[PDB]
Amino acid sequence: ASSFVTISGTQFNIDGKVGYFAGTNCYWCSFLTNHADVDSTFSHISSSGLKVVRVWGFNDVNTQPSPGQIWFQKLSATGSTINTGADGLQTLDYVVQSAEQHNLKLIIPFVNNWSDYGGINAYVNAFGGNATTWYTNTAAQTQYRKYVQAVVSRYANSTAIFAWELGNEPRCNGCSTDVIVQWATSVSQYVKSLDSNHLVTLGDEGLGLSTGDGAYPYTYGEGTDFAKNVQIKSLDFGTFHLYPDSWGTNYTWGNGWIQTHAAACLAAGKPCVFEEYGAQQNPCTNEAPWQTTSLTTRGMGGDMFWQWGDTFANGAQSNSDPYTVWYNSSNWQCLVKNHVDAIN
């Protein structure tokens, strides 16, 4: 069966089945130009038992790239352009076509907080201000909402969308936490006005929560208040990410991070998604306990490791980083096949 993804209780209902899910992050799937490479990668994710894939819904530039290169939007002070050609959103159309064929669902964010594939910084280059005034910059928000409409209107009636996501890891360094509350409230209401079929979520890391141990990720220096954000009526579930190597914490501290976020989602009456995580050293040893904590904590609806790695018919490998779990490797057995077997 194929239906729209909804919430039943504090769990997700995916194609009629209510219960915990495992998924993965594949940002780079959206920029593949050979259809055979999207089909082999999605065949491997589906046969491993994963049900949800997170892909980028953006690729922002200030100058058009070399001919043949993918770009979704060019941001300029004298008129921006949204690319719907073969080197533009037609690459994302194939990803949604392949998810429909393979019975997979997709989480799709509209902008990056960081400068990879343009981000907030590509809007600042075109419309001025800086990375914290971006949220209230009228020319930047007018173009961001025109790009949201261009992506949402393509797939609004497709059953392969798990959720729309306002951005990857939005932050407002040193800002009052109300700047992201008011922006996320207005933009999620706009997404719901374009599409009443699909769930909407923020895409934040989960920073700012007072029931923890006081380490930096629980404090309020990045402009976000997790409990305030998940109470917004037009956000349907909470997201949180986990990277002890970048945040100055040890790996076992991650279990309490999952438990505190789960409890804050369940207090707001909604599921949480453990949407990104990784350990640079010994990932099988250090990330397996996190997957067991998430599966056995009330308030959790599913988890998605960062990130899938795969290889193609011509012998090329995908994009990758030190957190890649390569399909069919010993870390795939440990963190993918053994975890799907424990879920069901």
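We number the residues from 1 along the sequence you see.
Quick check: 8-16 versus 330-338, which has the larger average CA B-factor in the record? Higher mean C-alpha B-factor in the PDB entry: 8-16.
Check the entry's C-alpha temperature factors for 275-283 and 60-68, then say which stretch has the higher mean. Looking at the record's C-alpha B-factors, the answer is 60-68.
Checking the entry, which one of 235, 215, 96, 148 has the top C-alpha B factor? If I rank 235, 215, 96, 148 by C-alpha B-factor, first place goes to 215.
From 44, 51, 35, 54, can you pick the one with the highest C-alpha B factor in the entry? Within the set 44, 51, 35, 54, 35 shows the top C-alpha B-factor.
Among modelled residues of the same chain, the CA temperature factor third for residue 130: Tercile = highest for this residue's CA B-factor.
Based on the deposited C-alpha B factors for this chain, I'd like to know if residue 26 is in the lowest, middle or highest third. Its C-alpha B-factor belongs to the lowest third of this chain's values.
Once the chain's modelled residues are ordered by C-alpha B factor and cut into thirds, is residue 183 in the lowest, middle or highest one? Its C-alpha B-factor, which the entry lists for residue 183, ranks in the middle third among residues of this chain.
Ranked C-alpha temperature factor of residue 292 among modelled chain residues, by third: Within its chain, residue 292 is a highest-third residue by C-alpha B-factor, going by the deposited values.
B-factor third for the C-alpha atom of residue 259 within its chain: Ranked within chain, residue 259 CA B lands in the middle tercile.
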